[PDB]
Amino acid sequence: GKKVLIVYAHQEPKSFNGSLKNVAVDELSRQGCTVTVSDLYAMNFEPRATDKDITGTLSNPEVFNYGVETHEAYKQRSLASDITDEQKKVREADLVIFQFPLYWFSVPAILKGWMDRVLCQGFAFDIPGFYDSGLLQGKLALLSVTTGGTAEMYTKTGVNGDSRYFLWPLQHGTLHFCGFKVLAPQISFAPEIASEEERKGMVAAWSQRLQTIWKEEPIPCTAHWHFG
């Protein structure tokens, strides 16, 4: 038995991202997995890192440091409840899937906000207790990303450079840093340009991959893998 959290960042239920999220839910549910989705836009998830995220007495009310105060709030259990709700989902998950369209070679701001606010010191990592020693060790993570650009544009000699280049801050800087084992990304290239057959094919490829996801090994999340 396994628990899966899908963190989902798209405004439109009928979108290609919506479909990839839905097929994930369908297929994991079919397998008998326990599945939770955080639909960030539907939740109106707060992306801003602010002093509203701590409810108790601040450690240093004279000079607000978000990282310091949230670390302390985590230990004290005085974080805002929207944060702790997400932390509970992550804590219990065996696999966390991020489903999102690429926005400026990265995640949409609403999802960046989830990373900034949910993955606080004490919960996701400590010093020491990061990268291979991160607090979310044992967990798997996977980026399921859609793009405007074609596969050709995301090559070493394409205009955008290789797709692995933009994965670095997310796979290494974030997921690996927290101790996740990172599974190979699912990149669904240019669904807007693609034909009806091609789009249905990309959806089916994701569904098919998920059939055997529990048998996958993670990538070596290193500079070499990303950059060569």
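Between two forms, the rigid core is defined as the largest C-alpha subset superposing within 1.5 Å. In case it trips you up, residue 1 is the first one in the sequence shown, and so on.
Problem set entry | Segment of greater CA departure in 8 other deposited structures of this protein, 90-98 or 125-133, core superposed | When 90-98 and 125-133 are compared in 8 other deposited structures of this protein, 125-133 lies farther out.
Exercise. Which of these two stretches, 56-64 or 30-38, has the larger RMS Cα offset in 8 other deposited structures of this protein when the rigid core is kept aligned?
Worked result: Larger mean C-alpha displacement, comparing 56-64 and 30-38 in 8 other deposited structures of this protein, is found in 56-64.
For this session: State which stretch shows the higher mean Cα B factor in the entry: 187-195 or 166-174.
Result: In the deposited entry, the stretch with the higher C-alpha B-factor mean is 187-195.
For this session: Check the entry's C-alpha temperature factors for 131-139 and 150-158, then say which stretch has the higher mean.
Result: Averaged over C-alpha atoms, the B-factors run higher in 150-158.
Problem set entry | Top Cα B factor in the deposited entry, candidates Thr50, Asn60, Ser29, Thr36 | Highest C-alpha B-factor among the listed residues goes to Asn60.
Exercise. If you rank the chain by CA B-factor, which third does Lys89 end up in: lowest, middle or highest?
Worked result: CA B-factor rank for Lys89: lowest third.
Problem set entry | Chain-wide C-alpha B factor ranking for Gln76, given as lowest, middle or highest third | Highest third - that is where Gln76 ends up once the chain's C-alpha B-factors are sorted.
For this session: Rank-wise, by C-alpha B-factor, drop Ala204 into the lowest, middle or highest third of its chain.
Result: Answer is highest: the recorded C-alpha B-factor places it there.
Exercise. Is the Cα B-factor recorded for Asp126 in the lowest, middle or highest third of its chain?
Worked result: Ranked within chain, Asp126 CA B lands in the highest tercile.
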